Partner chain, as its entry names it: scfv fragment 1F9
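A lone chain, given as structure tokens: the form solved without its partner chain.
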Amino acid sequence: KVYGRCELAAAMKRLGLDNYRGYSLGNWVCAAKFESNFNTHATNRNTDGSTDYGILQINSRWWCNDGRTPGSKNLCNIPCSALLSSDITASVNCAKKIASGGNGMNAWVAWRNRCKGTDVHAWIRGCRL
């Protein structure tokens, strides 16, 4: 799914991902952009064998179970494929769980590198929020 800026933003809004842990929506939208160019079905494989899933490219070594990762866990208690869908609630509910752990949204290297310290409103400017 190729979500629009305002489409995706509207979704992320109703799923209460605004000020979630005191982070404005544009933070989420931007992170989705630079992490998976809004493609709810992107997957980037990694060195240790781990694979990143969905909208907010959530990794299999600790957040999901794909049953292919010769390593560790599943803190989000959800099978990876659940994250690869047009309905980003699985990814957005799991996301809430990652952001609850100290680093907050620092986990999203792409957020951090291109969105911590930017005009985030910039991404929700124009929408029917």
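Basically, rigid core = biggest C-alpha set you can superpose within 1.5 Å across the two forms. Numbering follows the first chain given and starts at 1.
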*Could you say which moves further from this form in 8 other deposited structures of this protein, stretch 50-58 or stretch 65-73, by root mean square CA distance after aligning on the core?*
65-73
*Which is higher on average in the deposited entry, the C-alpha temperature factors of 90-98 or of 68-76?*
68-76
_Lowest, middle or highest third: which one holds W108 when the chain's residues are ordered by CA B-factor from the entry?_
lowest
*Which third, lowest, middle or highest, does the CA B-factor of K13 fall in along this chain?*
lowest
*Compare the C-alpha B factor of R5 with those of the other modelled residues in its chain, then answer lowest, middle or highest third.*
middle
_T47 CA temperature factor, ranked by third within the chain_ = highest
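Beyond what is shown, the protein has a form solved in complex with its partner chain; the following relates to that form.
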_Of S86, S81, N37, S100, the one that lies within 4.5 Å of its partner chain in the bound PDB entry (heavy atoms)_ = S100
*asked:* Since only the chain is shown here, I'm wondering whether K33 would be in contact with its partner chain in the bound PDB entry (any heavy atom pair within 4.5 Å).
replied: no
*Look up in the bound PDB entry whether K96 has a non-hydrogen atom within 4.5 angstroms of its partner chain, and give yes or no.*
yes
*Does the 4.5 Å heavy atom contact test between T118 and its partner chain in the bound PDB entry come out positive?*
no
*Should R68 be classed as touching its partner chain in the bound PDB entry when contacts are defined as heavy atoms within 4.5 Å?*
no
